[PDB]
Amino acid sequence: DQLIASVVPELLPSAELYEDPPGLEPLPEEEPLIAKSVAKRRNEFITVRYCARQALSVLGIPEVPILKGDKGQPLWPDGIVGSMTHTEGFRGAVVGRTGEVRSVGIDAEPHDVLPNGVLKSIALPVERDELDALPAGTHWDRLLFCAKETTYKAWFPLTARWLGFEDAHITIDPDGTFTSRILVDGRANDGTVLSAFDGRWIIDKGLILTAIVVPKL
């Protein structure tokens, strides 16, 4: 019944918590990253890393700090890829080994309409027309935004480059899948070319969860 486990393969352990349990602490090496942060930010940072460390233990990796790189990206141990996300009512993480998968991204959002003006900032004109044609009963605008965030999180670890909202065209299928088509240069750091990603999505517990796994070559 866990949301991340429903949209990623069994080979990628995941862990999620819906509240901030009492008594958690960051590892000493992580404390400087949130020393001057408000309580809401300290709590999501600490709880998501407790989830990541649980998933890393399933891979046989013991307790390790998860620091942030120059573009805010989490810095995983050698031979590990992963992703983390937090929203009100959700903290989650997923990790995998580089010999099984190339990259993973996840994102969680509340299942509600986007705030005013956000859809115009994140969607291509063609995506807006596509969302209007989808069946009634799902907040397609919020699902599109969620899928764009997951696209960036799967892309950045492979390219080390920015990806704007206008740089990817996402097509959502009501069956719980989506595709992301990259509209800019897709040269990856390993010499290969990224052009498209396949994603999965689920709506449950008032939340939307999207995931992309970039598979082994």
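From 1 onward, residues are counted along the sequence shown.
Read off the CA B-factors in the entry, average them over 21-29 and over 189-197, and name the higher stretch.
Comparing 21-29 with 189-197, the higher average CA B-factor belongs to 189-197.
Going by the B-factors listed in the PDB entry, is the mean over the C-alpha atoms higher for 104-112 or for 131-139?
Between 131-139 and 104-112, it is 131-139 that shows the higher mean C-alpha B-factor.
Per the PDB entry, which option out of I61, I46, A154, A52 has the greatest Cα B factor?
Largest recorded C-alpha B-factor: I61.
Taking the chain's C-alpha temperature factors as the reference, tell me which third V213 falls into: lowest, middle or highest.
It falls in the middle third of the chain.
Sorting by Cα B-factor within the chain, modelled residues only, which third would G92 end up in: lowest, middle or highest?
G92: CA B-factor falls in the lowest third of its chain.
Determine, from the deposited record, the chain-internal third of the Cα B-factor for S121: lowest, middle or highest.
Highest third of the chain for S121's C-alpha B-factor.
Going by what the PDB entry lists, where does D173 fall on CA B-factor within its chain: lowest, middle or highest third?
Top third by C-alpha B-factor.
Rank-wise, by C-alpha B-factor, drop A35 into the lowest, middle or highest third of its chain.
As the PDB entry reports it, the C-alpha B-factor of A35 lands in the highest third of its chain.
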